[PDB]
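Visitor: Each step along the sequence shown adds one to the number in the working numbering, with nothing skipped, and position 369 is 446. C-beta atoms are modelled at their ideal positions from N, C-alpha and C, and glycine is treated no differently. Have a look at this one.
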Amino acid sequence: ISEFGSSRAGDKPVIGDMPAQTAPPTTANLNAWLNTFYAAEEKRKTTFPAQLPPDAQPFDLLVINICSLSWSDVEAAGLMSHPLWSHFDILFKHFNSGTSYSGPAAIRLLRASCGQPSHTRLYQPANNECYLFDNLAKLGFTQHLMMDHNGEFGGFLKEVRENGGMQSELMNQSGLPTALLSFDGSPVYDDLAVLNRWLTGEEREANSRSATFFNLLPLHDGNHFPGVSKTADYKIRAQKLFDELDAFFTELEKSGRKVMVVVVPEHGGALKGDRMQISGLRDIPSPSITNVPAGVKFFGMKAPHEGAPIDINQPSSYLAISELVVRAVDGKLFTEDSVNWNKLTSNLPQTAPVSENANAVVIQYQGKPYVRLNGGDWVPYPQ
Ligand SMILES: [Zn+2]
């Protein structure tokens with residue numbers, strides 16, 4: 078409503094998804110903006126239904142959470158035209174991962190059903206309604222945890238269990254082929270083999286509903302082919318991963334199963350360095366590191382999406398993934414003769430691109446990036 082417009086009697090105040098940035102960019106104003114962002118975010122949640130309707134349709138949710146993959150990395154690797162990108166139904170162009178470290182990224186994704194917390198708040202219990210997989214478990218979705226690695230490094234599996242709330246045994250990894258040896262010496266299993274094992278298991282369950290969290294490490298720095306001294310080239314590993322995901326999408330299409338696949342990277346690999354951070358360093362969660370390619374694809378729909386993916390251009394983060402899940406949770410979109418793809422992809426929650434690690438916050442303010450180290454004065458991020 079403009080200055081000489083009127084609201085209607087009884088109108089609620091309109092709550093914007095992103096707090097305004099009209100004040101000049103001083104330390105005090107950027108500090109105040111961040112506190113305003115935290116306040117607004119803490120009031121945001123996806124509301125799941127109390128129970129599924131009796132005519133709900135079972136399907137499987139598979140969340141594919143990829144370490145060390147940002148749009149900047151895809152560009153630097155020369156992989157923007159890989160066929161995988163064109164295979165999604167929905168593709169986010171300004172999805173912010175909120176952090177540049179793996180543990181906090183996974184916790185943020187597991188807490189996708191509420192607005193974005195400060196880094197501090199990630200490591201304290203959240204409201205039960207914030208845990209996406211718990212919301213689904215409540216509605217009868219079997220929970221699965223899957224990885225292409227053992228989760229030992231960095232206490233990652235412990236963080237997923239303790240702070241992410243995912244209290245499920247790691248799916249059996251015995252007999253899987255090894256694709257890489259990790260920077261810590263342990264195996265990174267072949268992703269197509271992990272996904273095919275998942276697909277056989279789900280196929281054993283029938284018209285079950287299930288929700289799987291799958292974390293993938295092949296793009297992490299320091300990974301090598303067994304016996305090879307040098308770190309495998311990033312673009313070779315990324316091509317291999319994208320070819321395996323595309324092959325799996327083909328397998329999923331052939332299966333006829335109803336599946337919602339969400340691909341959401343944790344954070345970038347810092348393949349292309351910048352003034353402050355040489356290639357591979359990611360202690361500051363810069364815009365390049367945190368703008369990641371998130372996508373959604375539906376399989377087994379009576380009326381599948383045709384043509385190129387629907388681009389979501391607005392600033393987004395995990396809350397938008399949770400909203401797409403609740404829009405799908407009754408399974409009815411899978412059996413509709415005609416889907417309103419506009420409505421399905423419109424009015425998704427927008428989230429300002431704020432990113433944090435324990436010691437640093439990065440924001441965009443009036444279109445420019447700033448960093449705050451340990452609660453001190455804001456400084457322009459040097460890009
Ligand atoms: Zn990671």
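Write down the C-beta distance between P295 and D225 rounded to the nearest angstrom, noting that I regard them as a contact closer than 8 Å.
Guide: The residue given as residue 295 occupies position 218 in the sequence shown. The residue given as residue 225 occupies position 148 in the sequence shown. That belief holds up - the Cβ atoms of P295 and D225 are roughly 7 Å apart, short of 8 Å.
Visitor: With distances taken Cα to Cα, identify the nearest neighbour of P342 among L129, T123, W148, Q98.
Guide: As a first step, residue 342 must be located in the sequence shown, where it is residue number 265. When only C-alpha atoms are compared, the closest one is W148.
Visitor: Return yes when the C-beta of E433 is under 7 Å from any heavy atom of ligand 1, and no when it is not.
Guide: Along the sequence shown, read from residue 1 onward, the residue named residue 433 stands at position 356. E433 Cβ: outside cutoff for every heavy atom of ligand 1.
Visitor: Let me check you understand the geometry: is the CB of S363 closer than 7 Å to at least one non-hydrogen atom of ligand 1?
Guide: Along the sequence shown, read from residue 1 onward, the residue named residue 363 stands at position 286. Not so, every heavy atom of ligand 1 lies at least 7 Å from the Cβ.
Visitor: What residue does the beta strand (DSSP E) around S432 start on, and which one ends it?
Guide: Sequence index remark: in the sequence shown, residue 432 carries index 355 (1-based). 432-434 is the extent of the beta strand (DSSP E) around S432.
Visitor: Apply the 10 Å Cβ neighbour rule to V456 and answer buried if 16 or more other Cβ atoms are within range, or exposed otherwise.
Guide: As a position in the sequence shown, residue 456 is number 379, starting the count at 1. Exposed is the call here.
Visitor: Under 8 Å by Cβ, that's how I've got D310 and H164 pegged, so tell me the actual separation to the nearest angstrom.
Guide: Within the sequence shown, residue 310 is the residue found at index 233, counting from 1. Within the sequence shown, residue 164 is the residue found at index 87, counting from 1. 24 Å between Cβ atoms; not a contact.
Visitor: Answer yes or no: does any C-beta atom of chain C fall closer than 8 Å to that of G278?
Guide: No chain C appears in the structure shown, which is made up of a single protein chain.
Visitor: Any idea which residues DSSP pairs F233 with across the strands?
Guide: Locating residue 233 in the sequence shown gives position 156, where the first residue counts as 1. DSSP lists no partner for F233.
Visitor: Alpha carbon to alpha carbon, how far is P90 from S84? Give it in angstroms, no decimals.
Guide: Here the question's residue 84 lines up with position 7 in the sequence shown. Here the question's residue 90 lines up with position 13 in the sequence shown. For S84 and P90, the distance between alpha carbons rounds to 9 Å.
Visitor: Do the CB positions of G372 and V340 come within less than 8 Å of each other?
Guide: Working through the sequence shown from its first residue, we reach residue 372 at position 295. Working through the sequence shown from its first residue, we reach residue 340 at position 263. Yes, they are a contact pair.
Visitor: Which of the three DSSP states is assigned to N390 in this structure?
Guide: Locating residue 390 in the sequence shown gives position 313, where the first residue counts as 1. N390: coil per DSSP, three-state reduction.
Visitor: Under a Cβ-count criterion, where at least 16 other Cβ atoms within 10 Å of its own Cβ denotes burial, should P430 be classed as buried or exposed?
Guide: Within the sequence shown, the letter at position 353 stands for residue 430. So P430 counts as buried.
Visitor: State the start and end residues of the unbroken alpha helix (DSSP H) segment that holds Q316.
Guide: For this step, residue 316 is matched to residue 239 along the sequence shown. Residues 311-332.
Visitor: Secondary structure at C144, three-state DSSP: helix, strand or coil?
Guide: Locating residue 144 in the sequence shown gives position 67, counting from the first residue. Here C144 sits in coil by DSSP.
Visitor: Mapping DSSP to helix, strand and coil, what is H301?
Guide: Residue 301 sits at position 224 when you count from the first residue of the sequence shown. If DSSP states are grouped into helix, strand and coil, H301 belongs with the strands.
Visitor: Listed by chain order, which residues have C-beta atoms less than 5 Å from any heavy atom of ligand 1?
Guide: Going along the chain, the residues that qualify are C144, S179, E343.
Visitor: Is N108 helix, strand or coil when you go by DSSP?
Guide: If you number the sequence shown from 1, residue 108 lands on position 31. Reduced to three states, the DSSP call for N108 is helix.
Visitor: For the alpha helix (DSSP H) containing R404, list its first residue and its last residue.
Guide: One-based indexing of the sequence shown puts residue 404 at position 327. Per DSSP, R404 belongs to the alpha helix (DSSP H) from 395-405.
Visitor: With DSSP collapsed to three states, give me the class of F125.
Guide: Along the sequence shown, read from residue 1 onward, the residue named residue 125 stands at position 48. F125: coil per DSSP, three-state reduction.
Visitor: Does the structure place the stretch 189-209 close enough to the stretch 432-441 that three or more beta carbon pairs sit under 8 Å?
Guide: Contact holds: three or more Cβ-Cβ distances are below 8 Å.
Visitor: According to DSSP, is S263 helix, strand or coil?
Guide: Numbered from its first residue, the sequence shown carries residue 263 at position 186. If DSSP states are grouped into helix, strand and coil, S263 belongs with coil.
Visitor: Of all the beta strand (DSSP E) runs that stay within the bounds of the stretch 237-293, which reach a length of 3 or more residues?
Guide: Counting only runs of 3 or more, we get 255-258, 264-266, 287-293.
Visitor: Could you tell me which of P202, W162, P102, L209 sits nearest to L187, measuring between CA atoms?
Guide: Reading the sequence shown from its first residue, position 110 is the one you call residue 187. Of the candidates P202, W162, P102, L209, the one whose C-alpha sits nearest the C-alpha of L187 is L209.
Visitor: Between the beta-carbon of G231 and the beta-carbon of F260, is there less than 8 Å?
Guide: If you number the sequence shown from 1, residue 231 lands on position 154. If you number the sequence shown from 1, residue 260 lands on position 183. Not a contact, by the Cβ cut-off of 8 Å.
Visitor: What first and last residue would you give for the alpha helix (DSSP H) that runs through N419?
Guide: What you label residue 419 is simply residue 342 of the sequence shown in a count that begins at 1. Counting along the chain, the alpha helix (DSSP H) containing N419 begins and ends at 418-422.
Visitor: Determine the burial state of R185: buried for a count of at least 16 other Cβ atoms within 10 Å of its Cβ, exposed for fewer.
Guide: Here the question's residue 185 lines up with position 108 in the sequence shown. Buried.
Visitor: Could you round the C-beta distance between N292 and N142 to whole angstroms and report it? I think they count as a contact, below 8 Å.
Guide: In the sequence shown, the residue the question calls residue 292 occupies position 215. In the sequence shown, the residue the question calls residue 142 occupies position 65. Rounded, the Cβ-Cβ distance is 5 Å, consistent with contact.
Visitor: Would you be able to state if there are at least three C-beta pairs under 8 Å between the stretch 234-250 and the stretch 103-114?
Guide: Not touching, per the Cβ criterion.
Visitor: Where does the unbroken alpha helix (DSSP H) through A214 begin, and where does it stop?
Guide: Here residue 214 refers to the residue found at position 137 when the sequence shown is read from its first residue. Looking at the DSSP string, the run of the alpha helix (DSSP H) that includes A214 is 209-215.
Visitor: If you pair each beta-carbon of the stretch 119-128 with each one of the stretch 205-220, do three or more pairs fall below 8 Å?
Guide: Touching, per the Cβ criterion.
Visitor: Compute the Euclidean distance between the alpha carbons of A183 and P386, then round it to the nearest angstrom.
Guide: To locate residue 183, count along the sequence shown from 1; it is residue 106. To locate residue 386, count along the sequence shown from 1; it is residue 309. When rounded, the distance between both Cα atoms is 25 Å.
Visitor: How would you write the range of the beta strand (DSSP E) that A183 sits in, first residue to last?
Guide: What you label residue 183 is simply residue 106 of the sequence shown in a count that begins at 1. Run containing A183: none in the beta strand (DSSP E); it sits in the alpha helix (DSSP H), 179-187.
Visitor: Which one or two residues does DSSP pair with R449 in a beta bridge?
Guide: Counting from 1 along the sequence shown, the entry for residue 449 is found at position 372. In DSSP, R449 forms a bridge with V438, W455.
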